[PDB]
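Right, one structure below, let's go through it.
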2 protein chains.
Amino acid sequence: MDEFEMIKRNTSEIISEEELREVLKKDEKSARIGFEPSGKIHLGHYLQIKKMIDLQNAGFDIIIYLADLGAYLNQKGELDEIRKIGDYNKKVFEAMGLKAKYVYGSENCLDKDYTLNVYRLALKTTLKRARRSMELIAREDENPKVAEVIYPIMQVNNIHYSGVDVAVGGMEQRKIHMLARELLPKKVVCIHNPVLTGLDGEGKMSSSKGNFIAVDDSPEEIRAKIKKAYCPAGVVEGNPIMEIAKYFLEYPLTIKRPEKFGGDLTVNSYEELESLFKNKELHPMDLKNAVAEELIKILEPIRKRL
Amino acid sequence: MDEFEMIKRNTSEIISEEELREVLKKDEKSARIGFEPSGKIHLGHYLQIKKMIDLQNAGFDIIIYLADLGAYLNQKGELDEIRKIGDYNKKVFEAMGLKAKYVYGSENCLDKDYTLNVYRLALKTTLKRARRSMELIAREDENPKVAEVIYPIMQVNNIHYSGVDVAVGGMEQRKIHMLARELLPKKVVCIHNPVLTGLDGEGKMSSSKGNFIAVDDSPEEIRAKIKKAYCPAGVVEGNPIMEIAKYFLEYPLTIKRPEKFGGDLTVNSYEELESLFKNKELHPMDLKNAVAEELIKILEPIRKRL
Ligand SMILES: N[C@@H](Cc1cc(F)c(O)c(F)c1)C(=O)O
Ligand SMILES: N[C@@H](Cc1cc(F)c(O)c(F)c1)C(=O)O
């Protein structure tokens with residue numbers, strides 16, 4: 001493989017690839033991702049963390065930003081409560097096997113120079129640019145608040161003050177990151193990960209919704225959720241089960257089936273699993289049973305360490 | 001004339017009158033007005049300052065806030081440049097015969113608690129409410145910035161941290177002040193002054209529209225500006241000359257005219273001057289000559305002290 005290829009693996013985009021290669025030449029390099037503290041930690045978080053681990057193995061210093069102020073501005077609750085949730089998320093990230101630097105937003109000093117730079121960034125960012133960047137991030141509100149447009153300019157300001165070389169996040173974070181690449185003196189290389197489809201096949205997998213597989217879910221809960229999940233035969237696009245098998249399952253994979261239904265099946269890659277599912281040679285239920293058991297094995301050490 | 005009446009004199013509105021009377025009972029009371037630093041100090045500023053003087057005589061502790069940060073957010077230029085202009089405005093305010101405490105926006109540090117309260121104010125203020133409050137204040141821009149909606153919540157936060165009892169400003173500040181009266185624990189009494197019409201009879205009198213009469217303008221410049229000013233016969237509304245005579249001129253007033261045009265005329269109140277002008281008994285030219293010479297007398301000590 002390669003350090004570049006390992007990092008690029010299972011990503012939606014890299015901004016840009018040539019900039020990434022120029023960063024890999026450095027001996028000291030840092031990558032930073034920020035999370036709004038979530039009550040439950042699902043696969044959507046795990047995918048990001050796994051990518052941060054890939055960067056860690058490449059020689060990057062990993063920084064995990066617990067955006068408690070961001071969640072506060074995004075109408076998620078009270079500061080100290082979000083702080084508590086952030087602490088729980090840190091322990092979960094540790095249980096995933098990621099040893100990194102965990103920084104809260106509660107500190108942040110918020111000195112004169114920080115707020116001054118916020119004003120300077122707010123002076124160069126239009127309201128329409130700021131709102132568009134918050135479309136996939138801002139909590140649904142009939143009446144958008146002023147805090148909604150303070151959110152993205154702070155995330156840009158945080159990228160600047162961290163001085164990191166690489167910024168990581170979901171595809172929902174791209175518009176903010178591109179805005180950060182335009183205003184800031186030092187252009188950060190953005191690595192955006194795919195957005196996981198919810199179990200019901202409607203909308204993204206979020207903690208605020210009821211379509212997630214938490215990393216600490218019981219094996220019975222995992223089996224039930226996967227079983228009830230949206231998974232039409234032949235359709236790969238928008239299929240969460242196919243997504244989980246693509247981003248989490250380890251290959252070569254053996255699918256257990258009764259002899260009456262074709263017997264056990266062994267695939268060597270996701271592409272083979274994808275082809276077998278496209279031509280409907282594999283039934284969704286057998287796919288679900290395979291993915292469920294493998295997901296249980298994978299999430300088990302994390303479940304045990306909590 | 002009561003202290004209440006003396007304060008209410010030549011105001012547009014007071015929010016509210018009963019709240020004002022409850023403040024007048026206190027031995028220690030404060031009134032605060034904020035100005036975006038302007039290159040030239042015009043009659044609009046003088047009207048505000050005169051009202052601050054009325055409050056000073058009423059027993060109020062006067063605070064002038066030089067909003068250099070506000071102007072910075074409103075796209076007026078660079079901080080240090082705005083600060084310089086702010087200093088010049090302080091000297092002009094002193095020359096007006098107003099001794100008070102002058103506070104800059106850049107000196108008042110942006111500690112964690114300040115920015116934190118800004119976040120909470122932004123969390124309770126909609127984008128639509130914030131923009132509507134900036135309609136008569138914000139610099140004209142085809143592409144409104146995020147800084148535009150940080151402006152009004154800061155002005156609200158400033159009223160809170162100052163702890164003043166009475167807030168003073170033009171009618172353009174009312175939507176911000178009423179927003180401040182809604183969100184803040186302590187409800188401040190708002191005294192709003194009328195908006196002076198420009199010399200061309202179009203739009204408000206501003207330093208950026210060139211329809212103003214600076215307090216340090218030369219007598220020849222004042223005579224010229226008054227002479228070319230919009231002043232149709234019979235029309236009192238939207239007439240800058242009538243406005244100047246109403247808010248600045250001292251009565252009883254004697255209007256000097258040649259015997260061929262009716263000879264010298266002596267009015268005792270603005271109401272009589274208004275009635276004489278409505279019935280076209282007084283020609284606009286004679287009004288202009290009267291207003292000009294009196295304004296020159298009034299502004300003379302100010303110009304000399306500069
Ligand atoms: N926008 C991120 C949270 C976040 C991450 C950051 F790196 C960040 O700097 C920030 F202010 C907020 C999210 O959607 O969770
Ligand atoms: N709104 C004022 C400037 C100003 C006054 C204040 F009192 C104030 O607190 C502020 F932040 C800005 C103006 O338009 O001049």
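Every read-out reported here was derived from the displayed coordinates using simple, explicitly stated rules and does not represent laboratory data. Don't worry about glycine lacking a Cβ; one is built from the backbone with ideal geometry, like all the others, and counts go over all protein chains shown.
What FRET efficiency comes out for A:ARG9 versus B:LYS187 if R0 is 60 angstrom and r is the Cβ-Cβ distance? Round to the nearest 0.05. Walk me through the numbers before you get to the answer.
Details: r = 59 Å, r/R0 = 0.99.
It comes out at approximately 0.50.
What gaps in nm, shortest first, separate B:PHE4 from its twins in the other copies when you place the label 7 Å past Cα toward the beta carbon?
8.0
So what are the ³J(HN,Hα) numbers for the range A:70-83, from phi and the Karplus equation (6.51, -1.76, 1.60; θ = phi - 60°), rounded to whole Hz, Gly and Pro as x?
After applying 6.51 cos²θ - 1.76 cosθ + 1.60, I find x, 4, 4, 6, 8, 6, 10, x, 8, 3, 5, 5, 5, 4 Hz.
For each pair in A:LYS50/A:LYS186; A:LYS50/B:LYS112; A:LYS124/B:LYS204; B:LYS99/B:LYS256, compute the distance between the two Cα atoms and list the pairs where it is over 30 Å.
On the way: A:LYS50/A:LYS186 26 Å; A:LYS50/B:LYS112 34 Å; A:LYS124/B:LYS204 28 Å; B:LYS99/B:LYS256 35 Å.
Listed pairs above 30 Å: A:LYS50/B:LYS112; B:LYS99/B:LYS256.
Defining a contact as two alpha carbons under 8 Å apart and six or more residues distant in sequence, what relative contact order in percent does chain B show? Display every interim value, and only then the final one.
Working: 440 pairs, mean separation 57.9, N = 306.
The normalised contact order for chain B reaches 19 percent.
Could you calculate the FRET efficiency of A:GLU18 with A:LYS209 from 1/(1 + (r/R0)^6), where r is the beta carbon distance between them and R0 is 22 Å, rounded to 0.05? Provide the component values of the computation, followed by the final result.
Numbers: r = 37 Å, r/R0 = 1.69.
The computed FRET efficiency comes out at 0.05.
Say a label goes 7 Å from Cα toward Cβ at B:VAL236 in every copy; what distances in nm does this one have to the rest, shortest first?
Spacings between copies for this position, smallest first, are 8.2 nm.
For n ≥ 4 DSSP H runs only, could you compute -39500 (n - 2.57) per run for chain B, divide by its residues and tell me the 222 nm figure to the nearest 500? All intermediate terms of the calculation are to be shown ahead of the outcome.
Values: 13 runs with 143 residues, N = 306.
The per-residue figure over chain B is -14000 deg cm²/dmol.
Order by neighbour count: A:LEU24, B:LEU116, fewest other Cβ atoms within 10 Å first, most last.
Details: A:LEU24 18, B:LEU116 14.
Going from sparsest to densest Cβ surroundings: B:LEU116, A:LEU24.
What is the spin-label model distance, in nm, from B:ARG305 to B:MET178 if the labels are put 7 Å beyond Cα along the C-beta direction?
Distance between the two pseudo-spin positions: 3.6 nm.
Between B:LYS101 and B:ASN279, how high is the FRET efficiency from 1/(1 + (r/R0)^6) when r is the Cβ-Cβ distance and R₀ = 51 Å? Nearest 0.05.
Numbers: r = 47 Å, r/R0 = 0.93.
Efficiency computed from Cβ-Cβ geometry: 0.60.
Give me the angle, in degrees from 0 to 90, between the Cα long axis of helix B:284-305 and the longest principal axis of the Cα atoms of chain B, rounded to the nearest 10.
50 degrees
For A:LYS209, which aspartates and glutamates qualify as cross-link partners when the Cα separation must be under 14 Å and same-chain residues fewer than eight apart are set aside?
Leaving aside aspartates and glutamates fewer than 8 places away in the same chain, those within reach of A:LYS209 are A:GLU140, A:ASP200.
With respect to the cross-link table entries A:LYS175/A:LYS288; A:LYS76/B:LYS128; A:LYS51/B:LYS145, which display a Cα-Cα separation exceeding 30 Å?
Numbers: A:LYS175/A:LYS288 34 Å; A:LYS76/B:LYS128 21 Å; A:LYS51/B:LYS145 35 Å.
A:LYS175/A:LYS288; A:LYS51/B:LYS145, as the Cα separations exceed 30 Å there.
Take peptide A:127-136, look around each residue's Cβ out to 10 angstrom, count Cβ atoms belonging to other protein chains, and average those counts. Could you put the intermediate results ahead of the total?
Working: counts 10, 4, 3, 4, 2, 0, 0, 0, 0, 0.
Partner Cβ neighbours, averaged per residue: 2.
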